[PDB]
**Q** 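Below: one structure in structure tokens.
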Amino acid sequence: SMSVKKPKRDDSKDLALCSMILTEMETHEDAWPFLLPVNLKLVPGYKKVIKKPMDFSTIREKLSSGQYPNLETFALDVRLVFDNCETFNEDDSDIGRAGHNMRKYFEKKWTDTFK
């Protein structure tokens with residue numbers, strides 16, 4: 001409350017560390033469905049169904065331009081990429097499996113780096 005604070009967690013490395021995680025996600029062999037925005041002119045149904053499209057290149061640009069206020073808003077966009085994937089793709093598809101694999105990869109790096 002006013003003039004009453006928990007000890008200050010060092011967040012000075014968070015930007016660099018989120019960048020490193022995102023590089024590892026970018027170079028994973030199953031990243032290909034997520035590298036670029038889904039093409040809303042060429043993929044019937046995507047625009048209407050997926051209210052907030054997200055992809056790794058859009059996260060990279062947001063990260064590089066100071067549009068993440070904190071490390072949690074960064075995690076929320078990464079998770080949005082995988083939630084969107086599950087919304088649109090059957091589990092038994094190459095893309096569906098890719099999304100599960102990448103979400104697991106991310107959540108481990110996230111826990112090991114920050115928890």
Side-chain angles (χ1 to χ4, degrees), residues 1-7 9-12 14-114:
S1 69
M2 196 182 333
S3 308
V4 183
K5 292 305 169 323
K6 294 198 188 49
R9 190 204 164 246
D10 180 15
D11 67 342
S12 61
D14 286 2
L15 186 60
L17 284 159
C18 291
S19 187
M20 287 171 58
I21 298 171
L22 181 58
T23 295
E24 295 166 355
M25 276 195 311
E26 292 167 334
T27 61
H28 192 294
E29 73 164 292
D30 298 339
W32 59 265
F34 314 110
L35 297 174
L36 298 177
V38 175
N39 179 338
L40 301 178
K41 302 173 194 296
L42 304 179
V43 178
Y46 210 85
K47 186 169 203 297
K48 186 63 179 275
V49 171
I50 300 293
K51 303 297 179 183
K52 287 175 70 166
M54 187 52 60
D55 67 283
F56 295 166
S57 78
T58 303
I59 296 173
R60 172 67 74 193
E61 185 63 36
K62 286 177 69 167
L63 193 61
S64 291
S65 62
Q67 295 186 63
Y68 293 116
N70 59 56
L71 86 166
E72 304 301 336
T73 60
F74 170 85
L76 280 171
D77 267 359
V78 179
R79 291 169 180 141
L80 177 61
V81 170
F82 310 126
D83 296 345
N84 288 348
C85 182
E86 277 198 53
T87 292
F88 209 82
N89 295 266
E90 275 295 345
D91 293 342
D92 189 8
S93 65
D94 295 271
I95 294 168
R97 282 184 285 277
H100 289 290
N101 286 353
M102 294 297 306
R103 179 192 305 268
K104 185 89 177 173
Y105 189 72
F106 171 63
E107 289 307 342
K108 166 111 151 80
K109 304 282 182 185
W110 190 250
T111 293
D112 292 356
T113 301
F114 296 118

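Any value given below was found using the heavy atoms of this structure, including those in side chains, with hydrogens, waters and symmetry copies removed. We count residues from 1, following the sequence as given.
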**Q** Does the side chain of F56 reach to within under 4.5 Å of the side chain of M102, using non-hydrogen atoms?
**A**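 Side-chain contact under 4.5 Å: yes.
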**Q** Transitively linked via ILVMFWY side-chain contacts under 4.5 Å: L40 with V43?
**A**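 Looking at the clustering, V43 is in the same group as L40.
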**Q** Could you pull out the closest heavy-atom pair between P44 and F88, with the gap in Å?
**A**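 Scanning both residues, the minimum pair turns out to be O-CZ, 3.5 Å.
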**Q** Hey, are the side chains of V81 and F106 touching, using non-hydrogen atoms and a 4.5 Å cut-off?
**A**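 SC-SC contact between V81 and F106 ruled out.
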**Q** For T73 and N70, indicate whether the former's side chain and the latter's backbone hold a donor-acceptor pair under 3.5 Å.
**A**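 The answer is yes, because a donor-acceptor pair under 3.5 Å joins these two groups.
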**Q** Measuring only between side-chain heavy atoms, which start at C-beta, is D77 closer than 4.5 Å to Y68?
**A**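 They are in side-chain contact.
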**Q** Does the side chain of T23 come within less than 4.5 Å of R60's, by heavy atoms?
**A**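 Yes, at least one pair of side-chain atoms sits under 4.5 Å.
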**Q** So for atom CG, which belongs to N39, do other residues, nucleotides or ligands contribute more than 12 heavy atoms lying within a distance under 6.0 Å?
**A**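 Yes, because the 6.0 Å sphere around CG of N39 holds more than 12 heavy atoms from other groups.
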**Q** Contact between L15 and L63 at the side-chain level, heavy atoms closer than 4.5 Å - yes or no?
**A**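 Side chain of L15 against side chain of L63, heavy atoms only: contact under 4.5 Å found.
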**Q** Do the side chains of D11 and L71 get nearer than 4.5 Å, heavy atoms only?
**A**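 The answer is no; the side chains never approach within 4.5 Å.
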**Q** Is a side-chain donor or acceptor of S1 paired with a backbone partner of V4 at a separation under 3.5 angstrom?
**A**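 The answer is no, because no donor-acceptor pair under 3.5 Å joins these two groups.
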**Q** Any heavy-atom pair between the side chains of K109 and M25 that's under 4.5 Å?
**A**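 Result no, sub-4.5 Å side-chain heavy-atom pair not found.
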**Q** Inspect the contact between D83 and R79 and indicate whether a charged nitrogen and a carboxylate oxygen are less than 4.0 angstrom apart.
**A**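 The answer is no: the pair does not qualify as a salt bridge.
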**Q** Check this for me: does any side-chain nitrogen of one of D14 and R9 sit under 4.0 Å from a carboxylate oxygen of the other?
**A**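 Looking at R9 together with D14, the answer is yes, because their closest N to O distance falls below 4.0 Å.
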**Q** So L17 and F114, do their side chains get closer than 4.5 Å, heavy atoms only?
**A**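 SC-SC contact between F114 and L17 confirmed.
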